[PDB]
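Taken in sequence, the protein lines are chains A, B, C, D, E, F, G, H, I and J. For the first sequence, the working numbering gives the first residue as 8, with consecutive numbering after it. For the second sequence, the working numbering gives the first residue as 708, with consecutive numbering after it. For the third sequence, the working numbering gives the first residue as 210, with consecutive numbering after it. For the fourth sequence, the working numbering gives the first residue as 4, with consecutive numbering after it. For the fifth sequence, the working numbering gives the first residue as 4, with consecutive numbering after it. For the sixth sequence, the working numbering gives the first residue as -5, with consecutive numbering after it. For the seventh sequence, the working numbering gives the first residue as 716, with consecutive numbering after it. For the eighth sequence, the working numbering gives the first residue as 2, with consecutive numbering after it. For the ninth sequence, the working numbering gives the first residue as 2, with consecutive numbering after it. For the tenth sequence, the working numbering gives the first residue as 11, with consecutive numbering after it. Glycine included, C-beta positions come from ideal geometry on N, C-alpha and C. This report refers to the structure that appears directly beneath it.
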Amino acid sequence: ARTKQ
Amino acid sequence: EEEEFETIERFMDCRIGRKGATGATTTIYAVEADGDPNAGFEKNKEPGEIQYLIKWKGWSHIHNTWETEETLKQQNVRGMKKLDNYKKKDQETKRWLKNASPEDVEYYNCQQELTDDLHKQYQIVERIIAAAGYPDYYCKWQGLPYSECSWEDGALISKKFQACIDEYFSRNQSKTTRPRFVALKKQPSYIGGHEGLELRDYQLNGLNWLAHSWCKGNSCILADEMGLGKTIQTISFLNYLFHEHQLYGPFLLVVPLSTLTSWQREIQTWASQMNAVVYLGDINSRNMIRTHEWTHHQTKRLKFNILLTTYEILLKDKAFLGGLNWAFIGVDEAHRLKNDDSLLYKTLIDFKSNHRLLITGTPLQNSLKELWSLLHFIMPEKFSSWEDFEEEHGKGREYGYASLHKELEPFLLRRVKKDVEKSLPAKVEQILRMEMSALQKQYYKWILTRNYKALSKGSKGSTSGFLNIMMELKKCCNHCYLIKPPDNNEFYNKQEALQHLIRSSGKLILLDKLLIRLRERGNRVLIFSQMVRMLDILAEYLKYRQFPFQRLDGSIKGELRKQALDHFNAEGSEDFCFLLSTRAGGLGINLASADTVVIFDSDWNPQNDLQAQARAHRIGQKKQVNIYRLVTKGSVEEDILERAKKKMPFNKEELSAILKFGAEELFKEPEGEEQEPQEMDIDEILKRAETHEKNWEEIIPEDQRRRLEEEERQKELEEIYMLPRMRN
Amino acid sequence: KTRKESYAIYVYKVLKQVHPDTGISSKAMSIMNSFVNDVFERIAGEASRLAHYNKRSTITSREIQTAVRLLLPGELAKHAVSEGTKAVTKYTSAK
Amino acid sequence: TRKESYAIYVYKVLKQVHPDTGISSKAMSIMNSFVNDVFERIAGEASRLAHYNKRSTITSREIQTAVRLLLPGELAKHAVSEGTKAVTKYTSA
Amino acid sequence: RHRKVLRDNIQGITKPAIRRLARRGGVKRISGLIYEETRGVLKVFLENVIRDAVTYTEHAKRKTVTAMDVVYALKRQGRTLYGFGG
Amino acid sequence: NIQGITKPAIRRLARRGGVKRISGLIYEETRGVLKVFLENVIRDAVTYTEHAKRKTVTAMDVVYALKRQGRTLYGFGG
Amino acid sequence: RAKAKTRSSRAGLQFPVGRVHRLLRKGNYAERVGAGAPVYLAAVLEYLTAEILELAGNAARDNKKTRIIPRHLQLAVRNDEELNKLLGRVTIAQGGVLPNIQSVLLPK
Amino acid sequence: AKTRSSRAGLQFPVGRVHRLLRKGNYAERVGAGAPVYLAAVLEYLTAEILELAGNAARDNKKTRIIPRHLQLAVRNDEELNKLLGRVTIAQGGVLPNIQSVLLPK
Amino acid sequence: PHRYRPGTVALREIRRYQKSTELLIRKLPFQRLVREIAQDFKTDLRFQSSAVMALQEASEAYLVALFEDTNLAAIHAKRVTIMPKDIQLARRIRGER
Amino acid sequence: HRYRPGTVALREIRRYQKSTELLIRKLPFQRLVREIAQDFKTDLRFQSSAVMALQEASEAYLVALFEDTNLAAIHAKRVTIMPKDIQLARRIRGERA
DNA sequence: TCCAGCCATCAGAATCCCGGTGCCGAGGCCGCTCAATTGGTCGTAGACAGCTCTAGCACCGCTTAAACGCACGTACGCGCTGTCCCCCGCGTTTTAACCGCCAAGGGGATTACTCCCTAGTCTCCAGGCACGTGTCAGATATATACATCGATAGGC
DNA sequence: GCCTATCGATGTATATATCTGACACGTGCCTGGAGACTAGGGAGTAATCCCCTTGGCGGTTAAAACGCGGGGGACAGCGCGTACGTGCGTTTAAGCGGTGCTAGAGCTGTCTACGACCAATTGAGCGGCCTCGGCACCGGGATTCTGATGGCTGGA
């Protein structure tokens, strides 16, 4: 996943 | 693929909130997920924190993170130097905001309100630019140029607006991009839109014009009189080839940057079933346009229905935009194309295009070469030269009026205000002719007696000689202070300035009651004058009257000029007056917010008066427009009007006679001082006003010329003699 | 043996105006006769470059005033222009 | 309208010194103004020399003595020799 | 606002511009107080040159300061400039 | 004949100029600068004398020699 | 004919308007010399001479003499900052220099 | 044959210099030999500067004399630099000269 | 990281800008400053495009000569940095008041 | 007794700054003029007022040159003028490059 | 108790000032002659007006080169100390500048005749300036190579 | 310890490929240069008077020269820190251009009035002479810095 977790 | 960490981008945020915030709490995707851990906070109630979290590099505003800002230093993020700049700019910010005038403080509050909304509006997507489909949903945000387009995994955008965006994503697969006479003039308003019923009869006839013109194969110049027909009827006409006929070639519309937002908003509201590649931005933005949206399907099978580009960008990328066989080229404000030496004109000519339309907001009265250029752009054939045209354009013939602006087959609408408007009350140009005040009479006498030595030449004089004198005397039609200002030591006393104003300016005695009557009613006022210095007097006068007002002249910077116009045009505008100028008529501004206008000055060209009226005669006005013009029985403009009415400052003999007839006899007669012809203040002028839809030695009382020649020879002699022979 | 003209007599009248009691030695006269000649050759020199740039052919009071304006520094210019204007006015206004 | 200038003559001199070299527009303006200024210096010095000796005519002798005053030591010798060559040929032809 | 129209225009001859001019002359190290002295000097140079040009313009009954007027202003002060006319 | 510009003579000139202490090599530099300055002025003086077809070099010629180099001298006639 | 009256007397100046007109016309300054030019030029020359004479006499009273000597003109010209800017290149014979010593050289 | 330039062996205009001397108000008379003398001096001074500037153009491997080729000519020559010492040449630059004490060692 | 010692970049700038004849002062702010000074003498003055060009050439050439004199003045004091007193000394020797 | 170094120098400064008399002797300066004019034209004859016109132009040039030299020597934080001070003044004035 | 900052008094050597006394250099004054002013006229320059069109100021949008800010650190400005001989003050021996006077003749300043070069003007013809045009030179981008410089490591 | 050794950059420098806008060249013609002439006078030349420069001499004495002591300023060496440089970063506005407008630079045709040229005559300014007062020179003493010598006492 690219998003910031 | 992925990349490394640890970089800041930009600081545009400032807030106060509860400690312990994590993620993106106030963003819409996080609001749905967690609501807000900061919810219920108050600045003083709870031990919270004054945050200013940051916009992060490599991530969008939808990914704008909120955290405990101690974590920022805890990650050793590059680019902290912008944080120090933020404090110093903010620390300067409050030092100005806390001490500025409350009007300016609230103005800055409105400027902030526009600011963060513009910042909030960046979050909303506009289109995804179609291992997940078009992988990771490469998409555009509102406001940012195409350069800032980025990716999403389908985990936060999939929830927010992908429900309707998938319908636009599905539109990608949708298939998109001469006949006889057509059954026009039906009622197609159902095709207009989801509330597409607002088309008036004249707008429909304009569409019927455009369709008829293409059925004949002819081209069009949309010479509408700067009404609403600029955009609404133009974009709707492109539906004729797409939504009725499905003959959907590629359409170009080159619109100026100032009006691009309007064109891009109404291409979606009306003709919603359309796609629009806005060709704006830096070279990166246009590169993203070409690789990702220009030809979705395959080579040369264009997928854009319409594209909007500024005139500035069309010259930069003339090659790529000109390589396509265009079905339609549209140019807005087309008076830029009035010159064949223009690079835009020369480059737009070479664009191969099936149909061509020009939108203009002027009656395009200018000489034959402007029309010849415009006619050449819409029709490159059968209008190529004067040699094949002289038989028709040959002026000076009364029988030629049957063709001049009448017999033009490349039709222009030229459809005037008087044709479309059918419910506006009648209009009369009020002329408040009156006698001259005592101060004006003395100054008018001062000017005339000064220039006797020039006037003696008569027919052997100079046209420029008279024009200076007439320009000088026009300062007496305006109030005295253009000639010699009043004494500061007395004028500064507001305990006496009110008497100074009312005694000097009889022109306000009737307006005073109208001002109060309409201020209780809620009206607004616009004022016109040629002399910028005379406008300065009005600004000072208005500052003394303390009515809110605005000003518009060529010395104002662009940002302040636009905001001043927008302040008066905003809904519920509170400003009462507006110092206007004639040259603003070319900007397309709107004057419908004010129904009362005063023509304080006079002008030598009726075209300027027409330009002032054209921006106020808005279609759909229900009230009767209030207009007043001032005449002072001197510098007789009526000497022009009686002659002008046969065709609506030109002949040396006439202009000399104007001075000999204007103020022919009421010079400094021995009648004496304190004549004070004031006695027509009210209800005299209202009832009695009409309405409609010798050599100088014989003339001038030469006794004064002794009194000036023997005193000026004294003024300009002490000014020579009043300096010591020696220093110290 | 031959007339050699100099500004001794007029400078002496000017000295007897500003300072009626003082005198001037024979060598300060040579400095005075040279100072006036130098200022003449400077102002009239400029009044020859002016009225040639303008393609005129005559030297006038206006060009002499412009030369004085260009040549004399600071406050000396204003008094010089004022004195020239006074002399011109007195010549034109009387016979 | 005609703005007379030394433009045609500088090119002839350049074509005699360096037949292949040419001259740019702004360098021509310097050379045109160079001719004018050294013209005015020699003429003014010639004017003052004539006035100093109670003379009304500006002759080759006046021009020679002004060149000897304005130009440096070797340029003066070269210029005087060229000037005396031109004048001696003009009286013979 | 960060800047105002308050006739600070002489500060548009910046540190870089004064530094480049010094570097063309041959200066290797420049003290921080050189810039104010250069700005003061440059204003004094321009005031004298501009005044003469304005005097020639006023004498010509003209309103536009020309290159010929500027060259004649420099020619007085022994600073003859070639390139613009003569 | 240049050494007739004596060492005390150079000292007196420096005192008028405000110099308090003089190095032992100033004198030769002062002599060279004076020789150059005279070789400039006297060359012009002889040029004026030659032009006039005269042998005696005059004060008027010398003041013209200084006037061409901008050291205008008052007291002699120029 | 009418009895003569010199142009210098009409304008009030003491300097000779006749001589200045002759010098401007027999000096090849221009092809024509305006009738208002000699009157102006004499006025400026008279003023400068008066100013210099005033300062020279003012120094003469300080030096306790009653005749103007070369030294006083040097004192006059060099003290007045404007006349010094006009005569900066000028050298005055028998004039001397301004009394001035740099403060670094003074004893301590 | 019918021009004074061709009689003197000169390329510069004898006649125009005569016109400028007469119409420039230097003296009441201009001798018939003064224009010949002055034009001959003008040509030599231009020939020297053009020669030095063309030498600099060859050294810079160009073909056209540009302003810095004139500047590099005037300042190098000890005598032309003395004639044009107060002269400023537009677009002329300055000659490379770094003082010996500033170069490091 | 590679970093030149103090003086190396100074010399290269000396070499580059002595070789180049291009303008150093920016045209537009110099034009604005010229108009400011002139307006103190006569208002509403127009300036030809070449007049400001002539002013800038003269101004730059004067400063470069002043900087040469200033550098020589500083070196006489056995220094390498130019200081305002060097400019003052250079102007006083040159004769500017 | 003996005055200390400097007291006599300042007394001489005030004496020679008050006086207007010439400092270089007339006859040994007259001979130097005759010797320099020897190289330009033989059998020349000099007027007294033209030998004196050269004298009062020589002395007033060294005196101002010596003032500039003193200014340059005080600049280097020195009291004594040196050949390197004369050459710097003459290089800044433009008489040598 | 000490070096040095702040003093007091004094013998000596200046510069300043006053009274005095000669002389020569200015300040008037008489006569005279050249030039300045008055009166008239002629014609060519510039003042004035009516005009066209080159170019300057102004707006507005792009783009990116360059201004502006800050930050480490290293080279240079500035004080200080010591020492060493270059300069100054001065006494005395010495050279020659200065002045007054003398006599000779050089060449400077003029006057006067005369004639050749130069101004003024008219007919003339050809040169050089202006407008147009087109090919190539040197400005630009880009590419590899070739120094120039300075951190790091071992030799003596 | 101080020397010098190869190497990793990283800006000049050098190539070769494009191309645009500017220069050298073309024709036309209008204005100016030139030829043939005549006219007054400026500059040339011979003669001449004598102003003044130059040559020499001999006193006088002022100032130059030369040498001695001593001190203070030049200048090398060292050290400490405030300041400038180099460089990365980033926010302002220069530069380019396109387009527009209209003020004001350039020109042409007309008329007049202002300056030059002219003849006279008259007093203002030049030269030469003269005679008295300011200061040039001088003896002199009241005054004023100035270097040596005897005198508190601070921070230490």
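Identity of the residues DSSP links to residue i by a beta bridge
| i | result |
| --- | --- |
| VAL961 of chain B | B:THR1016 and B:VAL1038 |
| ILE90 of chain H | E:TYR85 |
| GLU756 of chain B | B:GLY724 |
| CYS846 of chain B | B:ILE835 and B:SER857 |
| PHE1368 of chain B | None; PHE1368 of chain B has no bridge partner. |
| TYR1335 of chain B | B:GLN1137 and B:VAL1305 |
Residue i at chain E interface by Cβ criterion, 9 Å
| i | result |
| --- | --- |
| residue 107 of chain H | Here chain H covers residues 2 to 106 and nothing more, so residue 107 of chain H does not appear. |
| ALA91 of chain H | yes |
Local Cβ density within 10 Å of residue i, reported as buried at 16 or more and exposed below that
| i | result |
| --- | --- |
| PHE1084 of chain B | buried |
| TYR909 of chain B | buried |
| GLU48 of chain D | buried |
| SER1144 of chain B | buried |
| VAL30 of chain F | exposed |
| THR211 of chain C | exposed |
| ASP23 of chain D | exposed |
Interface flag, residue i vs chain G, CB-CB below 9 Å
| i | result |
| --- | --- |
| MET1433 of chain B | yes |
Anticipated Cβ contact below 8 Å, residue i with residue j, distance rounded
| i | j | result |
| --- | --- | --- |
| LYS11 of chain A | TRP858 of chain B | Contact flag wrong, Cβ pair sits at about 13 Å. |
| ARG802 of chain B | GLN758 of chain B | Actually they do not touch by this definition, with Cβ atoms about 21 Å apart. |
| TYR845 of chain B | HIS999 of chain B | 7 Å |
| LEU1031 of chain B | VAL961 of chain B | In fact, because the Cβ distance is near 14 Å, the residues do not count as touching under 8 Å. |
CB contact check: residue i to chain F, cutoff 9 Å
| i | result |
| --- | --- |
| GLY16 of chain J | yes |
9 Å Cβ cutoff, residue i in contact with chain I
| i | result |
| --- | --- |
| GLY55 of chain H | no |
Three or more C-beta pairs below 8 Å linking the region 87 to 94 of chain H and the region 53 to 61 of chain H: They do not touch, by the three-pair rule.
At least 3 beta-carbon pairs within less than 8 Å: the region -5 to 9 of chain F vs the region 74 to 93 of chain I: no
Given 8 Å, three or more beta-carbon pairs between the region 58 to 67 of chain D and the region 27 to 43 of chain H: yes
Segment contact, 8 Å Cβ cut-off, at least three pairs: the region 764 to 771 of chain G with the region 784 to 797 of chain G: yes
The region 1283 to 1297 of chain B / the region 1253 to 1260 of chain B touching (three or more Cβ pairs under 8 Å): The region 1283 to 1297 of chain B vs the region 1253 to 1260 of chain B: in contact.
Inter-stretch contact at 8 Å, needing at least 3 Cβ pairs: the region 823 to 830 of chain B / the region 970 to 979 of chain B: no
At least three beta-carbon pairs within less than 8 Å, the region 43 to 58 of chain F to the region 56 to 67 of chain J: yes
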